[PDB]
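K.L.:
Input file: work23.cif. Contents: mmCIF, C-alpha atoms.
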```cif
data_work
#
loop_
_atom_site.label_atom_id
_atom_site.label_comp_id
_atom_site.auth_asym_id
_atom_site.auth_seq_id
_atom_site.Cartn_x
_atom_site.Cartn_y
_atom_site.Cartn_z
CA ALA A 226 156.65 110.75 126.70
CA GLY A 227 158.65 107.83 128.12
CA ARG A 228 158.61 104.22 126.83
CA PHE A 229 157.29 102.89 130.19
CA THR A 230 154.99 105.93 130.82
CA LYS A 231 153.18 105.23 127.49
CA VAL A 232 152.57 101.47 128.24
CA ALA A 233 151.47 101.98 131.87
CA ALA A 234 149.12 104.84 130.78
CA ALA A 235 147.68 102.65 127.95
CA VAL A 236 146.57 99.90 130.43
CA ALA A 237 145.39 102.07 133.38
CA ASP A 238 141.69 102.05 132.26
CA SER A 239 141.71 98.16 132.31
CA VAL A 240 143.12 98.03 135.88
CA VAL A 241 140.73 98.49 138.83
CA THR A 242 140.84 98.68 142.62
CA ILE A 243 139.11 95.82 144.57
CA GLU A 244 138.06 96.70 148.12
CA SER A 245 136.56 94.05 150.47
CA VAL A 246 135.36 96.00 153.55
CA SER A 247 133.61 94.84 156.78
CA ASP A 248 132.69 96.31 160.23
CA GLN A 249 136.30 95.77 161.46
CA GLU A 250 138.13 94.92 158.21
CA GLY A 251 139.18 96.38 154.88
CA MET A 252 141.30 94.37 152.39
CA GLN A 253 142.28 95.99 149.09
CA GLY A 254 143.90 94.80 145.90
CA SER A 255 144.14 95.24 142.21
CA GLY A 256 142.32 93.62 139.31
CA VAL A 257 142.12 93.63 135.56
CA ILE A 258 139.19 93.96 133.10
CA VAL A 259 139.32 90.80 130.92
CA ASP A 260 135.75 90.97 129.46
CA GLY A 261 133.36 93.82 128.44
CA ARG A 262 130.42 92.19 130.35
CA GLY A 263 132.13 93.18 133.63
CA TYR A 264 134.53 90.24 134.07
CA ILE A 265 137.50 91.15 136.30
CA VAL A 266 140.49 88.92 137.16
CA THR A 267 142.29 89.28 140.49
CA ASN A 268 144.10 86.88 142.78
CA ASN A 269 142.43 84.66 145.35
CA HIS A 270 144.17 86.16 148.41
CA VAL A 271 142.91 89.72 147.56
CA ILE A 272 139.28 88.44 148.06
CA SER A 273 139.85 85.19 150.10
CA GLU A 274 138.75 86.57 153.49
CA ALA A 275 135.59 88.00 151.81
CA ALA A 276 134.59 84.80 149.90
CA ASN A 277 134.91 82.88 153.23
CA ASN A 278 132.72 85.40 155.18
CA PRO A 279 130.24 86.73 152.50
CA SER A 280 127.79 87.61 155.33
CA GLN A 281 130.10 90.28 156.82
CA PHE A 282 132.16 91.35 153.75
CA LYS A 283 131.21 93.64 150.85
CA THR A 284 133.36 93.86 147.70
CA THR A 285 133.44 96.77 145.27
CA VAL A 286 135.39 97.77 142.18
CA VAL A 287 136.91 101.29 141.87
CA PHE A 288 137.76 102.17 138.25
CA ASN A 289 140.33 104.67 136.87
CA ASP A 290 137.78 107.52 136.67
CA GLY A 291 136.71 106.80 140.28
CA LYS A 292 133.37 105.10 139.79
CA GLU A 293 132.91 102.65 142.71
CA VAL A 294 130.49 99.85 141.62
CA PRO A 295 129.36 96.70 143.57
CA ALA A 296 131.15 93.50 142.49
CA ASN A 297 130.16 89.84 142.61
CA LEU A 298 132.42 86.74 143.08
CA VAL A 299 132.14 84.62 139.89
CA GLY A 300 134.62 82.04 141.15
CA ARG A 301 137.95 81.54 142.97
CA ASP A 302 140.92 79.12 142.75
CA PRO A 303 143.27 78.90 145.77
CA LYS A 304 145.48 76.53 143.65
CA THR A 305 146.45 79.09 140.99
CA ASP A 306 145.83 82.11 143.33
CA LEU A 307 143.12 83.32 140.92
CA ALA A 308 139.60 84.75 141.17
CA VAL A 309 136.89 86.27 138.94
CA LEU A 310 134.52 89.13 139.77
CA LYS A 311 131.59 90.61 137.80
CA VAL A 312 130.36 94.19 137.69
CA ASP A 313 126.83 94.54 136.26
CA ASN A 314 125.75 96.89 133.46
CA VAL A 315 128.91 99.06 133.62
CA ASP A 316 129.45 100.65 130.20
CA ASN A 317 132.41 101.90 128.12
CA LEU A 318 134.58 99.19 129.75
CA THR A 319 138.24 99.27 128.70
CA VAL A 320 139.21 95.60 128.31
CA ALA A 321 142.83 94.49 128.72
CA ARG A 322 144.59 93.00 125.67
CA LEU A 323 145.48 89.41 126.65
CA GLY A 324 148.89 88.28 125.41
CA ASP A 325 150.66 84.92 125.05
CA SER A 326 152.75 83.79 128.07
CA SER A 327 154.17 81.02 125.72
CA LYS A 328 155.90 83.64 123.57
CA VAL A 329 157.37 85.40 126.66
CA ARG A 330 161.22 85.19 126.78
CA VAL A 331 163.82 85.73 129.55
CA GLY A 332 165.02 89.36 129.56
CA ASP A 333 161.65 90.61 128.25
CA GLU A 334 161.00 94.04 129.77
CA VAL A 335 157.83 94.13 131.87
CA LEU A 336 155.67 96.48 134.01
CA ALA A 337 153.84 95.23 137.12
CA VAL A 338 150.77 97.54 136.97
CA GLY A 339 148.78 98.34 140.13
CA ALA A 340 145.40 100.08 140.16
CA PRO A 341 145.97 103.85 139.66
CA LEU A 342 143.58 104.82 142.52
CA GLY A 343 144.53 102.18 145.07
CA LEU A 344 145.73 103.18 148.57
CA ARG A 345 149.38 102.00 148.28
CA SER A 346 149.34 101.67 144.46
CA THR A 347 152.64 100.74 142.72
CA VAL A 348 153.79 100.54 139.06
CA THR A 349 157.13 98.65 138.93
CA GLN A 350 159.71 98.07 136.13
CA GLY A 351 161.83 95.02 135.42
CA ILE A 352 162.51 92.07 133.13
CA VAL A 353 161.44 88.37 132.97
CA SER A 354 163.96 86.54 135.19
CA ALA A 355 162.67 82.93 134.83
CA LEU A 356 159.98 81.06 132.87
CA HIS A 357 158.01 78.14 134.38
CA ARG A 358 159.33 78.64 137.93
CA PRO A 359 157.55 76.55 140.59
CA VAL A 360 156.86 78.94 143.55
CA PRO A 361 155.03 78.27 146.86
CA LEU A 362 152.24 80.74 147.81
CA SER A 363 150.76 81.16 151.34
CA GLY A 364 146.95 80.75 151.69
CA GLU A 365 145.28 83.92 153.02
CA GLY A 366 142.32 82.76 155.10
CA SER A 367 141.42 79.11 155.74
CA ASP A 368 142.71 78.60 152.19
CA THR A 369 145.39 75.91 151.52
CA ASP A 370 149.00 76.73 150.56
CA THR A 371 149.69 75.96 146.90
CA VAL A 372 152.56 76.16 144.34
CA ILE A 373 152.23 77.66 140.82
CA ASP A 374 154.29 77.57 137.63
CA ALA A 375 155.04 81.27 137.50
CA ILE A 376 156.79 83.84 135.33
CA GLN A 377 159.56 85.33 137.60
CA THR A 378 160.45 89.04 137.42
CA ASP A 379 163.02 91.39 139.03
CA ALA A 380 160.20 94.01 138.98
CA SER A 381 158.84 94.48 142.54
CA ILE A 382 155.61 92.53 143.15
CA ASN A 383 154.00 93.95 146.25
CA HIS A 384 150.61 94.70 147.93
CA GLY A 385 150.24 97.67 145.54
CA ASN A 386 150.28 95.73 142.25
CA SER A 387 149.13 92.31 143.59
CA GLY A 388 146.26 91.20 141.30
CA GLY A 389 147.22 93.69 138.69
CA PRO A 390 148.50 92.70 135.31
CA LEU A 391 152.10 91.95 134.32
CA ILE A 392 152.41 93.84 131.03
CA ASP A 393 154.82 93.50 128.12
CA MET A 394 156.17 96.34 125.94
CA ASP A 395 153.11 95.87 123.67
CA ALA A 396 150.60 96.90 126.42
CA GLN A 397 149.42 93.24 126.54
CA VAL A 398 148.83 91.19 129.75
CA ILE A 399 151.24 88.24 130.08
CA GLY A 400 150.48 87.54 133.74
CA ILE A 401 148.71 88.45 137.02
CA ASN A 402 150.90 89.70 139.87
CA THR A 403 151.00 87.58 143.10
CA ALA A 404 151.37 88.47 146.82
CA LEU A 415 161.91 87.70 143.80
CA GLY A 416 158.59 88.78 142.24
CA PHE A 417 156.25 86.30 140.53
CA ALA A 418 153.16 86.36 138.28
CA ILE A 419 150.54 83.70 137.28
CA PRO A 420 151.03 83.28 133.50
CA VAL A 421 148.11 84.61 131.39
CA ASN A 422 147.76 81.30 129.45
CA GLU A 423 146.99 79.57 132.78
CA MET A 424 144.73 82.54 133.82
CA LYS A 425 142.62 82.28 130.61
CA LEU A 426 142.08 78.54 131.37
CA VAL A 427 141.15 79.08 135.06
CA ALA A 428 138.95 82.15 134.31
CA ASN A 429 137.06 80.21 131.56
CA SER A 430 136.07 77.45 134.05
CA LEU A 431 135.39 79.99 136.85
CA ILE A 432 133.11 82.14 134.59
CA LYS A 433 131.22 79.07 133.22
CA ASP A 434 131.15 76.67 136.25
CA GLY A 435 132.06 78.94 139.19
CA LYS A 436 134.79 76.42 139.95
CA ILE A 437 137.87 74.69 138.45
CA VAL A 438 138.60 70.98 138.98
CA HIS A 439 142.29 70.08 139.42
CA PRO A 440 143.92 66.60 139.51
CA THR A 441 144.73 65.00 142.94
CA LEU A 442 146.85 61.88 143.85
CA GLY A 443 146.74 61.93 147.69
CA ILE A 444 150.49 62.31 148.30
CA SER A 445 152.48 64.68 150.60
CA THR A 446 156.12 65.24 149.49
CA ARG A 447 159.28 66.69 151.14
CA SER A 448 162.18 67.98 148.93
CA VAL A 449 165.36 65.75 148.59
CA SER A 450 168.67 66.31 146.64
CA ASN A 451 171.12 63.43 147.35
CA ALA A 452 172.75 61.90 144.26
CA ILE A 453 170.21 59.32 142.85
CA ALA A 454 167.50 60.44 145.31
CA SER A 455 167.00 64.01 143.92
CA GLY A 456 163.33 65.08 143.78
CA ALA A 457 160.21 64.80 145.95
CA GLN A 458 160.21 62.24 148.77
CA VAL A 459 156.82 60.78 149.76
CA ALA A 460 156.12 61.89 153.32
CA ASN A 461 152.53 60.52 153.50
CA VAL A 462 150.06 58.46 151.38
CA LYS A 463 146.30 58.92 151.69
CA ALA A 464 144.35 55.71 152.23
CA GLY A 465 142.32 54.85 149.11
CA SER A 466 144.29 57.43 147.10
CA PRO A 467 145.15 56.82 143.41
CA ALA A 468 148.67 56.69 144.90
CA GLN A 469 147.83 53.67 147.12
CA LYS A 470 146.10 51.98 144.17
CA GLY A 471 149.23 52.77 142.06
CA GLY A 472 151.86 51.12 144.32
CA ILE A 473 153.36 54.37 145.66
CA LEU A 474 155.07 54.13 149.05
CA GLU A 475 156.61 56.35 151.76
CA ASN A 476 160.44 56.82 151.68
CA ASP A 477 159.97 56.95 147.90
CA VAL A 478 161.61 59.70 145.82
CA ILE A 479 159.49 60.94 142.91
CA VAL A 480 161.75 62.04 140.02
CA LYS A 481 159.16 62.23 137.22
CA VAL A 482 155.36 62.87 137.19
CA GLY A 483 153.97 62.25 133.73
CA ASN A 484 156.19 63.75 131.05
CA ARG A 485 157.72 66.21 133.57
CA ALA A 486 160.80 65.80 135.77
CA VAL A 487 160.32 66.67 139.48
CA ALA A 488 163.27 68.49 141.12
CA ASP A 489 161.53 69.09 144.45
CA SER A 490 158.15 69.35 146.27
CA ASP A 491 157.43 72.56 144.34
CA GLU A 492 157.69 70.98 140.84
CA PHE A 493 155.69 67.92 142.07
CA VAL A 494 152.60 70.00 143.00
CA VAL A 495 152.75 71.72 139.57
CA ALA A 496 153.43 68.44 137.67
CA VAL A 497 150.43 66.69 139.34
CA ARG A 498 148.13 69.55 138.13
CA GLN A 499 149.27 69.08 134.47
CA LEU A 500 148.12 65.43 134.61
CA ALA A 501 144.86 64.45 132.87
CA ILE A 502 141.87 63.56 135.12
CA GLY A 503 140.88 59.83 134.81
CA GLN A 504 143.74 59.11 132.32
CA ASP A 505 146.50 56.63 133.38
CA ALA A 506 149.78 58.42 134.03
CA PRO A 507 153.42 57.36 134.56
CA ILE A 508 155.05 58.04 137.99
CA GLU A 509 158.83 57.34 138.30
CA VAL A 510 160.30 56.89 141.77
CA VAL A 511 163.64 55.88 143.40
CA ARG A 512 162.77 53.17 145.96
CA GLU A 513 165.38 51.93 148.53
CA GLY A 514 168.11 52.62 145.89
CA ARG A 515 166.18 51.07 142.98
CA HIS A 516 164.46 52.90 140.09
CA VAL A 517 160.75 51.96 139.84
CA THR A 518 157.91 53.15 137.48
CA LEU A 519 154.36 53.19 139.04
CA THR A 520 151.01 53.74 137.20
CA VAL A 521 148.43 56.13 138.75
CA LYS A 522 144.99 57.34 137.50
CA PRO A 523 144.30 60.90 138.82
CA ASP A 524 141.09 61.66 140.79
CA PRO A 525 139.07 64.94 140.62
CA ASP A 526 139.82 67.19 143.63
CA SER A 527 136.08 68.16 143.44
CA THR A 528 134.04 64.99 142.50
CA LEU A 529 130.49 66.43 142.34
CA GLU A 530 131.93 69.21 140.11
CA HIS A 531 133.77 66.98 137.53
#
```
Translate this file's structure into structure tokens.

P.N.:
Amino acid sequence: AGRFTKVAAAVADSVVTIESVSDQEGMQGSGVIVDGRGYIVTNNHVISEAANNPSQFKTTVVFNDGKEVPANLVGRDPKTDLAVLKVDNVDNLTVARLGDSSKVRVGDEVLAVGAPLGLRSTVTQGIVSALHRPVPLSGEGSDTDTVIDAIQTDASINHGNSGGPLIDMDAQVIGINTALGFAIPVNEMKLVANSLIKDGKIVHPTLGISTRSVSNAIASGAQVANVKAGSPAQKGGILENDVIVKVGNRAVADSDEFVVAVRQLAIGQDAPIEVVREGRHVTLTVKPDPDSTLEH
């Protein structure tokens, strides 16, 4: 058999269909089996409309054999476009082999695996085009738009493999497909899934700043469009018109890298912010708040 046929066939039992149906609605996506207890990882937008209307929506998981089993929302993260589901007492579960997104290199051949039984299911072929690429993602329901540090791939990422794993040539998951194709790295997924399984929620850093992208000589980075009153930004000396060029130990090229850089900051730990103010370079100190206070 073929090199790609072998890998895709080896991971098909760990990939599942996720259907969220209602009286006048019927979303569908793909997921992956990450734990033998019934733990399934998908993206937030696949199940966003359902989590927001649990009264009218019902979610199920369709496996490779065809068994449709009820599923329960463990926890979701609109910030990383990630979500966990749980199927109860389902046996003989084929669990995906989780790989290391840190060892992933540009040019690495990959497969974007969709669920074999899904309506418009797709299995795509390509290579890793870019590592650590800040990418904006649209929020499905009432969910907020975010940006993620993704693995970029020339393999087609579409409705048919969205939520499904991004697999290497070793039949290991290195990422979850999103909605010119991108995937949430597995190393970030393992961190978000761990908090979403345990606490049903992930806490992310917040600073209270809105940024617009700027690229003009010295002023190349994220320009402060708005400051929130009482924000760690206001306490830190941050102003409008200001161009953020470094957040922590990470340079900020634009609004996209800013959102990602803020989320790599430690919660409650003082952090360096470097801005270009009215032509002058200025370092400001900010302590990051929890986005969810009663959950920190």

K.L.:
Leaving out residue 391 (chain A) and any residue of its chain fewer than 5 positions from it, which residues lie within 6 Å of it when counting all atoms listed in the file, given as a list in words?

P.N.:
residues 336, 337, 398, 399, 400 and 401 of chain A

K.L.:
Go ahead and dump the residues you just picked, C-alpha atoms, as a compact mmCIF listing (two decimals), keeping the file's coordinate frame.

P.N.:
```txt
# COMPACT_ATOMS: atom_id res chain seq x y z
CA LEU A 336 155.67 96.48 134.01
CA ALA A 337 153.84 95.23 137.12
CA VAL A 398 148.83 91.19 129.75
CA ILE A 399 151.24 88.24 130.08
CA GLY A 400 150.48 87.54 133.74
CA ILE A 401 148.71 88.45 137.02
```

K.L.:
Enumerate, as a PyMOL selection string, the protein, DNA and RNA residues whose atoms approach (143.2, 96.6, 120.2) to within 12 Å, taking into account only C-alpha atoms and the coordinate frame of the file.

P.N.:
chain A and resi 235-236+319-324+395-397

K.L.:
Skip residue 300 (chain A) itself and residues of its chain fewer than 6 positions away, then list as a PyMOL selection string all residues within 12 Å of it, counting all atoms listed in the file.

P.N.:
chain A and resi 264-269+272-273+276+306-311+427-438

K.L.:
Expanded to explicit residues, what is the PyMOL selection byres ((chain A and resi 478) around 10) for this file, as a VMD selection string?

P.N.:
chain A and resid 446 to 450 453 to 460 473 to 477 479 to 481 487 489 509 to 514 516 to 517

K.L.:
Just how far from CA of residue 385 (chain A) is CA of residue 347 (chain A), in Å to one decimal?

P.N.:
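Taking CA of residue 347 (chain A) as the start and CA of residue 385 (chain A) as the end point, the length is 4.8 Å.
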
K.L.:
Do you know which residues are at most 8 Å from residue 366 (chain A) counting all atoms listed in the file, after dropping those on the same chain fewer than 4 positions away, and could you put them as a ChimeraX atom specification?

P.N.:
/A:270,273-274,277

K.L.:
Skipping near chain neighbours, those fewer than 6 positions away, what residues fall within 10 Å of residue 504 (chain A) using only C-alpha atoms, listed as a PyMOL selection string?

P.N.:
chain A and resi 521-524

K.L.:
Could you take the residues named above and write them with C-alpha atoms, as a short mmCIF file (atom, residue, chain, number, x, y, z; two decimals), in the coordinates of the input?

P.N.:
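Result went into selection_1.cif, see below:
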```
data_model
loop_
_atom_site.label_atom_id
_atom_site.label_comp_id
_atom_site.auth_asym_id
_atom_site.auth_seq_id
_atom_site.Cartn_x
_atom_site.Cartn_y
_atom_site.Cartn_z
CA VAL A 521 148.43 56.13 138.75
CA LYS A 522 144.99 57.34 137.50
CA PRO A 523 144.30 60.90 138.82
CA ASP A 524 141.09 61.66 140.79
#
```

K.L.:
Would you mind reading off the distance between CA of residue 373 (chain A) and CA of residue 357 (chain A), one decimal, in Å?

P.N.:
8.7 Å

K.L.:
Using all atoms listed in the file, collect all residues at a distance of at most 8 Å from (149.9, 70.1, 140.1) as written in the file, then present them as a list in words.

P.N.:
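Those within range, by chain then number, are residues 372, 373, 439, 440, 441, 492, 493, 494, 495, 496, 497, 498, 499 and 500 of chain A.
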
K.L.:
So which one's closest to residue 333 (chain A), A:253, A:349, A:378, A:369? Using only C-alpha atoms, please.

P.N.:
A:378

K.L.:
Expressed in Å to a single decimal, how great is the separation between CA of residue 341 (chain A) and CA of residue 243 (chain A)?

P.N.:
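If I compute the distance from CA of residue 341 (chain A) to CA of residue 243 (chain A), I get 11.6 Å.
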
K.L.:
For the structure provided, state which residues fall under the PyMOL selection byres ((chain A and resi 339) around 6), and present them as JSON, numbers by chain.

P.N.:
{"A": [255, 338, 340, 346, 347, 348, 385, 386, 389]}

K.L.:
Can you give me, as a PyMOL selection string, the residues this file yields under the PyMOL selection byres ((chain A and resi 279-284) around 8)?

P.N.:
chain A and resi 243-248+275-278+285-286+295-297

K.L.:
Write a file of the selected residues as a compact mmCIF listing (two decimals), in the coordinates of the input, keeping C-alpha atoms.

P.N.:
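Result went into result.txt, see below:
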```txt
# COMPACT_ATOMS: atom_id res chain seq x y z
CA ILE A 243 139.11 95.82 144.57
CA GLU A 244 138.06 96.70 148.12
CA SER A 245 136.56 94.05 150.47
CA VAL A 246 135.36 96.00 153.55
CA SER A 247 133.61 94.84 156.78
CA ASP A 248 132.69 96.31 160.23
CA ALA A 275 135.59 88.00 151.81
CA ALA A 276 134.59 84.80 149.90
CA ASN A 277 134.91 82.88 153.23
CA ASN A 278 132.72 85.40 155.18
CA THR A 285 133.44 96.77 145.27
CA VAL A 286 135.39 97.77 142.18
CA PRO A 295 129.36 96.70 143.57
CA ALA A 296 131.15 93.50 142.49
CA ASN A 297 130.16 89.84 142.61
```

K.L.:
Which one is closest to residue 379 (chain A): A:416, A:289, A:355, A:332? Count all atoms listed in the file.

P.N.:
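Once distances to residue 379 (chain A) are computed over all atoms listed in the file, the minimum belongs to A:416.
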
K.L.:
So which one's closest to residue 482 (chain A), A:508, A:468, A:424, A:444? Using all atoms listed in the file, please.

P.N.:
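For residue 482 (chain A), the nearest of the candidates is A:508.
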